[PDB]
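Right, one structure below, let's go through it.
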Amino acid sequence: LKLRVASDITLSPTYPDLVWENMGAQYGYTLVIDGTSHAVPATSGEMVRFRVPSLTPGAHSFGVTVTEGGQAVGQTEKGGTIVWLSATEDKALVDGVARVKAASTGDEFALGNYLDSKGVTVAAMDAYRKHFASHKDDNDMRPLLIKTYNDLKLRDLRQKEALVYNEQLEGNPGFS
């Protein structure tokens, strides 16, 4: 019940989703962004995912309270910072994504890597997950997915991904 969240994350109207660690299906969450409280349903999925409704462009502080039966049971110790993109920045991000998709057709890694470079860590995570789902053996790039999970503080996912990486190292002829 030591929930942590990303220290810094970029979101935008095109990529509005925030993610944090699922503390257990018994728990709901209250996501607080600059004093506005959002009631987040409990989930049994691999992570908690919440579409942030439109914020004003710029920096916003957020924290998360863990709740059980509507009662606070835990809380982020340090919050994080959301940077919400302006209309102009979001148009550029959207054009960059389009450029990368045109130039590297079907390449989910290239897409994830571009989004990652702009701080759009949840969208980078989605693209990377697609990449590794179809190129499970691309171990050299896997640390970027590991780092993404680590940045979002998705502890279990990070541990699992690290185990995949190690098992793939260990599969090398002669290694173990």
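One is the number of the first residue; the rest follow in order along the sequence. Because only heavy atoms are used, hydrogens play no part in the values below, and waters and symmetry mates are left out as well, while side chains stay in.
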* **Gap separating the CG atom of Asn139 from the CD atom of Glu167, nearest 0.5 angstrom** => 9.0 Å

* Give the C-alpha distance, both sets of side-chain angles, the deciding distance and a yes or no for side-chain contact (heavy atoms from CB on, under 4.5 Å) between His38 and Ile33. => CA-CA 8 Å; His38 306 266; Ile33 300 171; 4.3 Å; yes

* Please identify each residue that fulfils side-chain contact (heavy atoms from CB on, under 4.5 Å) with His135, with sequence neighbours left out. => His131, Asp137, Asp138

Compile the donor-acceptor pairs under 3.5 Å between side chains in residues 73-85 and protein atoms, sequence neighbours left out, one pair per line.
{"residue": "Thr76", "atom": "OG1", "partner": "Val64", "partner atom": "N", "Å": "3.0"}
{"residue": "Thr76", "atom": "OG1", "partner": "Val64", "partner atom": "O", "Å": "3.4"}
{"residue": "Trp84", "atom": "NE1", "partner": "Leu55", "partner atom": "O", "Å": "3.1"}

* To do: Any chance you could lay out the side-chain contact (heavy atoms from CB on, under 4.5 Å) test for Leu31 and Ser37, step after step, and finish with the verdict?
  => CA-CA 6 Å; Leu31 166 67; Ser37 159; over 6 Å; no

* Honestly curious: do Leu154 and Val120 fall in one hydrophobic cluster under the side-chain, below-4.5 Å linking rule? -> no

* Are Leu1 and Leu152 joined in one hydrophobic group, where the rule is that I, L, V, M, F, W and Y side chains link up if heavy atoms are under 4.5 Å apart? -> yes

* **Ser7 to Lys153 - nearest heavy-atom pair and separation** => OG-NZ, 4.3 Å

* **Cluster check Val122, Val97: I/L/V/M/F/W/Y, side chain < 4.5 angstrom** => no

* Nearest 0.5 Å please: distance from the CG atom of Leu144 over to the CG atom of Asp151. => 12.0 Å

* Is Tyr15 reaching over with its side chain to a backbone N or O of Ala124, donor-acceptor style, under 3.5 angstrom? -> no

* Asked: When clusters are formed by joining ILVMFWY residues with side-chain heavy atoms under 4.5 Å apart, either directly or through shared neighbours, do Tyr149 and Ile146 land in the same one?
  -> no

* State the CD-CG distance between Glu161 and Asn150, to the nearest 0.5 angstrom. => 12.5 Å

* Structure fact -> What one should report as the nearest heavy-atom pair of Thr10 and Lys118 is OG1-O, 3.8 Å

* Asked: For residues 63-73, which residue pairs qualify under side-chain hydrogen bond (donor to acceptor under 3.5 Å, both in side chains), counting only residues two or more places apart or in two chains?
  -> none

* **Minimum heavy-atom distance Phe175-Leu169, with the two atoms named** => CD2-O, 3.6 Å

* Asked: Mind checking whether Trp20 and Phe50 have parallel, tilted or perpendicular rings, split at 30° and 60°?
  -> tilted

* Which pair of non-hydrogen atoms, one from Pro13 and one from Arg51, has the smallest distance, and what is that distance? -> O-NH2, 4.3 Å

* Asked: Under the 3.5 angstrom rule, does the side chain of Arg142 hit a backbone N or O of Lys136 as a donor-acceptor pair?
  -> yes

Less than 3.5 Å apart, which donor and acceptor atoms pair up between the side chains of residues 87-94 and the rest of the protein, not counting sequence neighbours?
{"residue": "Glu89", "atom": "OE1", "partner": "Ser86", "partner atom": "N", "Å": "3.0"}
{"residue": "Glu89", "atom": "OE1", "partner": "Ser86", "partner atom": "OG", "Å": "3.4"}
{"residue": "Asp90", "atom": "OD1", "partner": "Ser12", "partner atom": "OG", "Å": "2.8"}
{"residue": "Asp90", "atom": "OD2", "partner": "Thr14", "partner atom": "N", "Å": "3.2"}
{"residue": "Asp90", "atom": "OD2", "partner": "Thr14", "partner atom": "OG1", "Å": "2.6"}

* Asked: Which value, rounded to the nearest 0.5 Å, describes the distance between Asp126 atom CG and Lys130 atom NZ?
  -> 6.5 Å

* Using a cut-off of 6.0 Å, state whether more than 12 heavy atoms not belonging to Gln26 lie near its atom CD. => yes

* Asked: Got a salt bridge between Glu46 and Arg129, using NZ or NE/NH1/NH2 to carboxylate O under 4.0 Å?
  -> yes

* **Pairwise salt bridge (charged side-chain N to carboxylate O under 4.0 Å, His left out) hits with a residue in residues 6-25, at least two apart** => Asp17-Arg49, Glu21-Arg155

* To do: For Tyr29 and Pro41, work out which heavy atoms get closest and say how close.
  => CD1-O, 4.4 Å

* Stepwise side-chain contact (heavy atoms from CB on, under 4.5 Å) test for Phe132 and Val164 -> CA-CA 11 Å; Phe132 287 102; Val164 174; over 6 Å; no

Show me, pair by pair, the donor-acceptor contacts under 3.5 angstrom made by side chains of residues 101-115, not counting sequence neighbours?
{"residue": "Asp107", "atom": "OD1", "partner": "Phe109", "partner atom": "N", "Å": "2.8"}
{"residue": "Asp107", "atom": "OD1", "partner": "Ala110", "partner atom": "N", "Å": "3.0"}
{"residue": "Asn113", "atom": "OD1", "partner": "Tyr128", "partner atom": "OH", "Å": "3.1"}

* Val32 with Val5, same ILVMFWY side-chain cluster at under 4.5 Å -> no

* Okay, side chain of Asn22, backbone of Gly45: is any donor-acceptor separation there less than 3.5 Å? -> yes

